[PDB]
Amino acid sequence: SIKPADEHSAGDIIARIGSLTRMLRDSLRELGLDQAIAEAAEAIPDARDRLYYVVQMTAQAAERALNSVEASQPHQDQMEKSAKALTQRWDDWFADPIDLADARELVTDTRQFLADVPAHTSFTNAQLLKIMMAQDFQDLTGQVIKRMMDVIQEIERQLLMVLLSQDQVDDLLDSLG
């Protein structure tokens, strides 16, 4: 370390960053962009709620139906093995030695099946309404992506200036009207 001499000290470099620092602090502070970059930085604390909202609705309307599909399968199952159970019983009565007794018991047991179908068939058809209805989350979860994309657009030009229930709704309309 012999050549040269009059060389910037560690302080002189830091000394300089400080000047550029204050200079910055103040161009923004005077041109009023100290403002701008502060409206965009405080938007982030919000959009994190909207993106954590879309994941709420998602983990819901996705476990909701998944729960119907969960409870509708048992009935499609039961109702199907019984029809298959009886289709067998009958094929046999009709192939085996006539047995009037079994002929009665077979009619009794299928008239029973005929009676239970509705219970299963209905329920399963009521879960399909769960699955449907419950999906509404798109429209909702969708309008929040509608807005949250408009916000990400401002936060964009702000760095462009600087760089270029249903029960309450009735209590209302009915209490004031």
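For every residue, the number given is its place in the sequence shown, counted from 1.
Visitor: Unmodelled stretch from the deposited sequence between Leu164 and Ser165, which bin: none, 1 to 3, 4 to 9, 10 or more?
Guide: Gap between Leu164 and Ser165: 10 or more unmodelled residues.
Visitor: Mean C-alpha B-factor higher for 86-94, or for 73-81?
Guide: Stretch with the greater average CA B-factor: 73-81.
Visitor: Can you let me know which of the two, 107-115 or 135-143, has the higher average C-alpha B-factor in the entry?
Guide: The stretch with the larger average C-alpha B-factor is 135-143.
Visitor: Please work out which residue in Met23, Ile17, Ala10, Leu160 has the highest C-alpha B-factor recorded for this crystal structure.
Guide: Highest CA B-factor of the listed options: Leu160.
Visitor: For the chain shown, is the CA B-factor of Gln56 in the lowest, middle or highest third of its modelled residues?
Guide: Ranked within chain, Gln56 CA B lands in the highest tercile.
Visitor: Taking only the Cα B-factors deposited for this chain, tell me whether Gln35 sits in the lowest, middle or highest third.
Guide: As the PDB entry reports it, the C-alpha B-factor of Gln35 lands in the highest third of its chain.
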